[PDB]
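Residue numbering begins at 1 within each chain, and the chains themselves are lettered A, B, C, D, E, F, G, H, I and J in the order written.
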Amino acid sequence: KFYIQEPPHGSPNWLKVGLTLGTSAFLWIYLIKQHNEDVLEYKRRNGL
Amino acid sequence: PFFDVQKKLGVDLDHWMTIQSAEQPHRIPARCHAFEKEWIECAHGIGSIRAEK
Amino acid sequence: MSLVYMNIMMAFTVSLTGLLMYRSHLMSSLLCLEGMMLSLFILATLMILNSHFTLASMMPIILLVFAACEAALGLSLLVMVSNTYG
Amino acid sequence: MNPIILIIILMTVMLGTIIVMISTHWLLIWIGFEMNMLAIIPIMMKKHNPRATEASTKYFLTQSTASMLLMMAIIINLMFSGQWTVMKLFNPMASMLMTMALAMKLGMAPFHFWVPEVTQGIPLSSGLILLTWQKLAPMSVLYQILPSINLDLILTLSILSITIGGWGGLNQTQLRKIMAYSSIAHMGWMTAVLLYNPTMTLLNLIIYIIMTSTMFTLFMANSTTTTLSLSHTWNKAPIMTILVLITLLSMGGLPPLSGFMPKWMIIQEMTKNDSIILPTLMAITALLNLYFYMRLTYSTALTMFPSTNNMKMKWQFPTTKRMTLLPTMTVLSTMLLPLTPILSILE
Amino acid sequence: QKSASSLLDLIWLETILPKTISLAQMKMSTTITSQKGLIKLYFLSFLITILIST
Amino acid sequence: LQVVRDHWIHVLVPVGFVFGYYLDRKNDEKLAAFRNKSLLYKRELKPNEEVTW
Amino acid sequence: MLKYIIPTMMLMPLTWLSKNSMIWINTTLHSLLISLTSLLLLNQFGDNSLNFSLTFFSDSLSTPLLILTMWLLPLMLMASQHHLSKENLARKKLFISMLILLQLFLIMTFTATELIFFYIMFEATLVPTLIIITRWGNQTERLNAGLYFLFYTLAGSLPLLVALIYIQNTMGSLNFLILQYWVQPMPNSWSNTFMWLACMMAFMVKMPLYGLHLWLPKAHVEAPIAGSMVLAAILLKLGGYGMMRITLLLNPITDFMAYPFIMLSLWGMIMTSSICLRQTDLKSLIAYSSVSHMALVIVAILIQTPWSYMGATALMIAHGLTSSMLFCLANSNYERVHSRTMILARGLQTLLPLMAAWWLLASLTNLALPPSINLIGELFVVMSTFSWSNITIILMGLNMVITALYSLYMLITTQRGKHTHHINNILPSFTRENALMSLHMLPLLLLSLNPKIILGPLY
Amino acid sequence: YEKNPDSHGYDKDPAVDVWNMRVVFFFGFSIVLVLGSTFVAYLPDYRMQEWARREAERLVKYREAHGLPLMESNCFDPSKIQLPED
Amino acid sequence: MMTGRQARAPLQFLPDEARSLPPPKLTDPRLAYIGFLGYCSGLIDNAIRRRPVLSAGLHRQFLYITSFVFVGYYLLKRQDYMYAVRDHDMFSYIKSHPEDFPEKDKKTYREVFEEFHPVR
Amino acid sequence: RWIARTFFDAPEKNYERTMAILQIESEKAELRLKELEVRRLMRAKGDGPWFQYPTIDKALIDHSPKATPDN
């Protein structure tokens, strides 16, 4: 089995997955920070 | 979905050749000019719904 | 709308009915289309130059340039169609 | 062909349509149409078989003459009290010729004669780019010029599109043709609502684009020009097929699937106004298109009865054929009905 | 009961007979390029005739 | 208890019922209005109760 | 209600992720555990129909029907195995998944407040069934009787959406609570004609009235036993149910408009009740039986006396368990010898001496035996219809005699008179068969003690 | 025609059957039938009708003891009501 | 419709005015269902590539889900903006026009007459 | 006592809950009829915000002093 070669998707590429998880971190934490700040300024638009 | 970029970016593209009252190359009045001036003066800020009326 | 406008419109519609109601020769189709296109050139010219609306005088020029680079396309497709059969 | 030049063409098609959307001047919009034709003739014909040449011609004639008729209407606008802008046409007649013109630009009832033919002639990718992208410009113009539209015309052209174009496709075993007639039906809807609440028109536009998108993309996955090809793929791999069928039912507007959403909202904002009879007159024909498409759903089963499923055609090697964004649009056209409070995001 | 059942599927067979000869409403197409093109052009000028008075 | 890993398949739907039930109990807070204000039922709030339910 | 919506949705991945050979165990187990809380659902009290959330609520009728559904899944799924018990895992998990999703949309439908949510979830209920019976139905020529079956539904079943949306924008809210209290009389004329006729015939396609009853027999002979217990134990009660609710409006209209349909159901009750006497191929008998009892239901719906509803709903539930079970008998007989034809084999009092008791017991429960819930419902319905017309009892009680005759004829010639002795296959019973039968009858006999659960909203 | 050798025998293929009958007979016969049957056997007064009995008793006793005729019809007092006019 | 409102500042995705509207909470069932929609997305991707699904879905599935939560989030925000300005427009045009929309006093059932055909 | 207190909710809770849902969907229905009235009226009057079809902008009229003869 698989004496032929390593078909490209067969073995992982650890640079790509690193970039993808990069996008996960950047995107997600950016979303959370967006939430917090919009809620904050929303609090400013009104008062206690 | 008609988009307006050219008002957003602040650039004139087709607004110059648009209507007869625009600044001409060396300003020469159009035949019906003044009446363009009054039709657009009347219909300017309104919505073409009651501008008709 | 004067007269000349009436007449040029009748030319326009002669070209258009000639377009739709004859499929025999293709060059004839493409032609009739192009003649109609000419009639549009004439209209825009006569009008614009009737109202002395100067800044818009391009409409004959820039309307006429696409009378060609589109038409040329037309004839190229005509040749590539003819060499299918005949 | 060169792998650059295709980018330097498709870039110009995108550009042209962007100009039809952006410009406030008539002569420009007319130019945008001219560029979408000029640059869309090379996309079709990509492979040099004669079918694409004759079909690309039948596109070129009616499309170009449509453009010219548009110019005629623009000029008649210039005759009657006139200036060059994008706004309500001041002539009832200019509006008439312009509704006919934009009725050729995109397939409609008197003018639909070319669409099935050209859609089967040209290849797959040209099929995608024909039935979706070029369909953005004319609606983007009609949304603008609607105030002067004579109601009776566009209502007519809409209905006759649904009746004729929808009723068609029955004997057709080809795919590209089916996609054409369905395009004409969704046309009949999008243009039906156009005068009442154009928001829904852009809605059925977008949903429709997703629909034909996943459809053709699947036809690239399993390369299939016929239903027989669909069944033979069912015995090659199942999943792509059931995606094709489920997306076809979504193309029929079946209630749980997302294709039912434009029909349903169109029925609201259609029937809160006075006329209730016309929507039903559309929904009948909608059922017609349905049980045709469900004939195409008895194209399949398991413990099948004999389809003559052949051989050689088990394969040990997966295909690498690159499918660009299939999944997002597949789930996005199946699952979307549990959304749409989101409707208003569109406008 | 065979009368009401045979009349029920005979009437539904009159709808599929109306689908059989409704395929004729599809088969009313003569598949001729000199038919739907020029007839859609003439009857299209009859859409501007009906639209001329509509 | 950690040994549920052995039985892990099973615990799912019980957590389902618990989860949905707690979602209804919270939902009542959003539906909460007219708490003492309905005409049939009016109570002077009991010394240990600021809420009927 | 949401506490009942999650656990099945969680019951989906329970199926999908699992070790092979445990799927039936896991699904059955947790599904019965659902049934417990389905039995929790009864708080219903006093006057106001309980309302769980502003989206969907439950009055009485929804509660018995719902309890019947959530009870019916585990028994259904329990029954469907050994119909196959050989396949790739994907077939099994696909099938159980489909039954699940179907149940989900059913719960949506019965609980649904607002009639458009009811309608969307309505056809969304119809699709999974279709996939079930068509994808593998044992497919005699397949008949294509799933698909244009869906056309029998939608053909006239779509325009009720039209009529609805009309009701929407005229009155505003389609919430059922506020559609109540705002309902206003609608005079008899031609517009209200096409409307009333729209909604009515739209649901009347589901519970087959004698005109349309060709719908059921083929679709129900082609159904795998799971799809059968789905179909005739529930999917008719959807039509009759929605009928129950949308008859709220149409107040005077339903008289002059009702009368022809009532006539057709009173005659077709007898006709169908007749044709089901003489047929072969047992699987059809119980089908046309369902057509008969459902005709009786429609008769009960149109005449608006409360008695009519009490007997009606009682007949929905009792006929649900009875018809369902009796189907499952037909199947348990079918695995023994592959026929579907009644007259083929015989005996089974000698052989399978226990399976007798379930044949007998179930047939009697379809014979309208006095303590049985079937006779409670049928009885009150006969009372209502006799109140409406002093004359109609000739037709009603004539249905009593015929229903007696075929209901007790099925009990024989399958089950009695000789062993055909060229068989030599049938393997005695099972524990599973007894489990299924028991799980059917035992509640149907217990309900014959405290029925006030299953009698309708008016009580 | 697969049948079984009927080594013992039950629902499914061997050695899991005992567990199968255990879960279905237990959760099916034990818990829901007996447990549930006790639940809905006596649950709180359903549809309120017991309360209806008590309230009926009290109210009737009052109606006789104070001499008012019970059950006056007229679901709403004509003292407060208005009537349309011809 | 409404293009006169938002054609004053064209191609504003959502305006500086929108921030006075409460944003959707995280756990808002909509965008969560969008996350599920990314889950079935990635599942159908792993069905497309012949790999058995639940494999490779460590990074992929998360990429999908987070992406749809992102996009769907912004979409919901601008939506709630849209209905906000809609309702505002209604009420302003209500108040500014007494004649068009009359306020009538709703008389109680004490004055009502109906037909109400009983059954029998 | 056991059943009622642990598994159910008082006719209180349910009852007033229905009072609240009837509030909600009540005022909704009302305001729906309102918006149908509004949008019904707007096409006739064209007054308010919803229906606006932009005319040509007076921003550029070129007020400048021009060739004298006239206009």
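The working rule: contacts are C-beta pairs under 8 Å (C-beta built on N, C-alpha and C of every residue); 3 or more make two chains touch, one makes a residue touch a chain.
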item	value
Subunit D and subunit C - chains in contact with each	B, E
Shortest path length from subunit D to subunit G (each step joins two touching chains)	1
Furthest chain, CA centroid comparison against subunit I	C
Chain centre separation in whole Å, for subunit J relative to subunit I (CA means)	14
Rounded Å distance, subunit B centre to subunit J centre (Cα mean)	32
Averaged-CA centre spacing for the pair subunit H and subunit F, given as whole angstrom	24
Centre distance in Å when subunit C and subunit E are each reduced to the mean of their C-alpha atoms	38
For subunit C, residues contacting two or more additional chains	56, 58
Residue list for subunit B, restricted to those that touch at least two other chains	3-5, 15-20, 22, 24, 28, 36, 47-49
Residues of subunit F engaged with two or more neighbouring chains	31
Set of all touching chain pairs, with the criterion as stated earlier	A-I, B-C, B-D, B-I, B-J, C-D, C-E, D-E, D-G, D-I, D-J, E-G, F-G, F-J, G-H, G-I, G-J, H-I, H-J, I-J
Interface residues, subunit D side, partner subunit G - complex	254-256, 260, 264, 267-268, 271-272, 276, 279-280, 283, 286-287, 290-291, 294-295, 297-298, 301-303, 305, 337
Subunit A - residues contacting subunit I, complex	9, 17, 20-21, 23-24, 27-28, 31, 35, 38-39, 41-42, 45-46
Subunit J residues touching subunit B - in the complex, by the definition given at the top	43, 45-47, 51-58, 60-62, 64, 66-67, 69-71
Residue ranges of subunit G touching subunit E (in the complex, touch as defined)	210-211, 214, 271, 274-275
Footprint of subunit G on subunit F - complex, ascending	9-10, 12-17, 19-21, 23-24, 27, 31
